[PDB]
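Since the structure comes first, as structure tokens, the remarks are kept for the end.
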């Protein structure tokens, strides 16, 4: 879509079952037991969305300072502790 | 509400009256209930029988025949307490954990003499007495603790009686609760309580079991394909029954935690409800 | 040993920053209803 | 007159949103204790880590799987009675009521990762009763649910501890009173099997029937309501479960000459062994034979391998001539037959009586 | 729907209701051609 | 891998030359968390 002259940049992490996709998709659950955070997870997940309003309304409604995805106590950036309620604005995540 | 007042002694050292303030929510045990009492009945001196200091077997009997109470607050010249006895509606009843095992909500409370290690206790050299506090453990763990400590003692007798020990084992015993292992009695030496307090317990337990697993083998010999024969039966029933009453399990309190932390560690105090 | 194989890599890293925001609201932005208060007695560790 | 208990926990086994007010809620011990008990109580010959295999997959199909081992206080503490009723619905006698409750709890919940969770829990209990780690010491009891508050995947609930049922104020429903509600699958009164009059006071018990065979084990959960005494309930249950008792006594353990002691002690002229040689100087030629007996008993049914039930008192009903009502009402988006108990005073310590006969 | 309550029960009670908080509408304004400044760019006249 | 020594030496070498690594005993049925270090220098480290 962005560059309408080629399929992908690297053919190893963009196919349906490429190496990078199999490593982390979120729907394969390879790193389920891993407690460390993975920043590249939000870029390989399909992020299911239903069509109710137009794209502009959906865009304006998505950016609402969603909950965090890390910890502010440890020093290794573990996964989000279950129950911790702190909202952090996430730009450049709804744009991928 | 029924309360018992323990009269503090005069001319007490500042180091002793201080340490007495530390044991706020601990359990004492009264022989006969009365609104006024001395320190002699709380002290260990009232517990020993036949002159000699009391025995773990007798400590178990003492905890059943004797009535328990709970300290509430200490005054620089006065000591108060509440009872867990007849019907008293004690409000805001809190106790302090004395056992090394954690407790959670909905766990019932039982009393056990100190078996793992040396009992910590307040010692009053000025008056010459000391107060020993009992251990508080959950119910689901009580039956297995008494079974492990006495099975360990028979091991040592076996290693000594047999000409050779059968040392091939599984490692070291341990009790686990809430994902925490205790690892009691690391070393083989330091027989502090091997035969010091549990000597008579393992003795009676070693006989009544030997008769039961043998009287049947001598009464009907079909199992494995001058003589009384009746006095032995009556003696066995009377003995095995009595040993059953003492090695009982009766909950005395329930841990009811509202608006607070669920689990508690050794040393913390929590609100309990009279069962 | 430092031998470069025939492969390249790209790295991804996520950071967070504390920031001071700014909010603006309209005059009649919300209708707000307040009920009446209630008392609840309960036991405690030392008192109520 | 009544007391309450609060606790926060994960909502993968309990959903205070759909569960009706007044249902029974149970709690679980730390799973880390199961392995420490299994590796020491497993029968000789059997594999002791099949429980570990069955247990790891349970949390692998559960949210936050990287939070097992430390027990910081954020685990799946509590669970519902209908959950176990649906997990073992294939074993209750009321076929249609069992499967209706099963589909209802599947649909009302996430319904995406719910069926897998249920089968993991099923063989989890199956492996629990495989090494004598019977799940009557790991399942406690809480009172009926009274109030709850949840924001996402984590809930704070409060329930009654002991006392009258309608002495509390739920204060957010239509009325301020609630009554005990149970699925019709678990309810099983024994007096109407034993053919005795049902008048006066009646106690409430929970039973855990166990079946022990080769690769085929089963565990139900029944809420019995009977007028029988505190201890006489044990003798009463055996008469109805006489089949499984005998099945277990023969299929529980799957992994030698007598001696005439009294005969040779009643008669004289037998080889004597007076204390003079047991003093301990040459205690081998003194005891050279004295008998042989060639005796040993290794494989025999223990009192723990023939157990088939374990009960516990929960509460009583002082009002004579109880009138429990059974009807079908909506549970989420489906209808299930529930039985409604009124005026039941909770109490009693959590002590389990095991019926091994 | 039959009922058999004794001399009393707990469900003889429990009112509950849905309430309305009022409605809101808007009114349009009308514009005339001569009121605008564009009217000075042409000579308007009628012709039936 | 079919050989346990292969994967064991693999994990050993990978743990060498790094900061965060699983604890040496590698407990079964756990969370596999790294060993806590001493005080922090200049902020929470971010993985790549």
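Reconstructed Cβ throughout: ideal geometry from the backbone, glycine too, with neighbour counts over all protein chains shown. We did not get these values from a lab; they are worked out from the coordinates using the rules stated.
For the reader, a short list of remarks on this structure follows.
- Remark: the Cα gyration tensor places chain A in the oblate category, a/c being 1.5 or greater and a/b not exceeding b/c.
- Two-site label geometry, residue E:12 and residue B:123: point separation in nm, points 7 Å out along Cα→Cβ: 7.0
- Shielding by partners - mean other protein chain Cβ count within 10 Å, residues of D:27-34: 5
- Counted by neighbouring Cβ atoms within 10 Å, the residues C:39, B:6 run from fewest to most as C:39, B:6.
- Global form of chain B, assessed from the alpha-carbon gyration tensor, a/c cut-off 1.5: prolate
- Convex hull volume of the range D:109-168 per residue (C-alpha atoms, cubic angstrom): 126
- The range B:71-229, Cα convex hull volume normalised per residue, Å³: 293
- Shape descriptor for the range B:29-107: Rg over Rh equals 0.99 (Cα atoms; Rh from the Kirkwood inverse mean 1/r).
- Each listed q (0.14, 0.16, 0.32, 0.33 Å⁻¹) maps to a log10 I(q)/I(0) for the range A:52-96 from the Debye sum over equal C-alpha point scatterers, namely -0.45, -0.55, -1.14, -1.16.
- Alpha-carbon geometry of the range B:1-156: the Rg and the Dmax are 16.3, 50 Å, given in that order.
- Each distinct pair of alpha carbons in the range B:151-196 adds a 1/r term; the inverse of their mean, the Kirkwood radius, is 12.4 Å.
- Between residue B:2 and residue B:38, the contour length at 0.36 nm per residue exceeds the alpha carbon distance by 11.2 nm.
- Three-way shape call for the range B:141-275 based on the alpha-carbon gyration tensor, with the a/c threshold at 1.5: oblate
- Over the range B:181-228, the ratio between the Cα radius of gyration and 2.2 N^0.38 Å evaluates to 1.88.
- Cα Rg, Dmax, the range B:206-248, angstrom units: 12.0, 37
- Put simply, the range B:4-64 fits an ellipsoid with semi-axes of 23, 14, 12 Å; these come from the alpha carbon gyration tensor as the roots of five times its eigenvalues, largest first.
- With 10 Å bins beginning at zero, the pair-distance distribution over Cα atoms of the range E:4-48 amounts to 14, 18, 13, 11, 10, 9, 8, 9, 8, 0 %.
- Once you divide the Cα radius of gyration of chain D by 2.2 N^0.38 Å, the number left is 1.24.
- Sites residue F:15 and residue B:187, calculated FRET efficiency, Cβ-Cβ separation with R0 22 Å, nearest 0.05: 0.05
- Neighbour counting of Cβ atoms within 10 Å sorts the residues D:129, A:49, D:25, fewest neighbours leading, into A:49, D:129, D:25.
- Evaluated at q = 0.21 Å⁻¹: base-10 log I(q)/I(0), Debye formula over Cα of the range D:208-357: -1.31
- Those residues of the range B:228-259 whose amide nitrogen sits under 18 Å from the label point placed on residue B:214, 7 Å along Cα→Cβ: B:228-241
- Distances between every pair of Cα atoms in the range D:140-244, grouped in 5 Å steps from 0 to the bin holding the largest one, split as 2, 8, 15, 17, 16, 14, 11, 8, 6, 2, 0 percent.
- Rg/Rh for chain C (Cα atoms only, Rh after Kirkwood) is 1.44.
- Whole-Å semi-axes of the range D:42-132's equivalent ellipsoid (Cα gyration tensor): 24, 20, 11
- Summarising the label geometry, the points placed 7 Å from Cα in the beta-carbon direction at residue A:34 and residue D:285 lie 7.6 nm from one another.
- Cα pair distances of the protein assembly as shown binned at 20 Å [whole percent]: 10, 35, 34, 15, 4, 1, 0, 0
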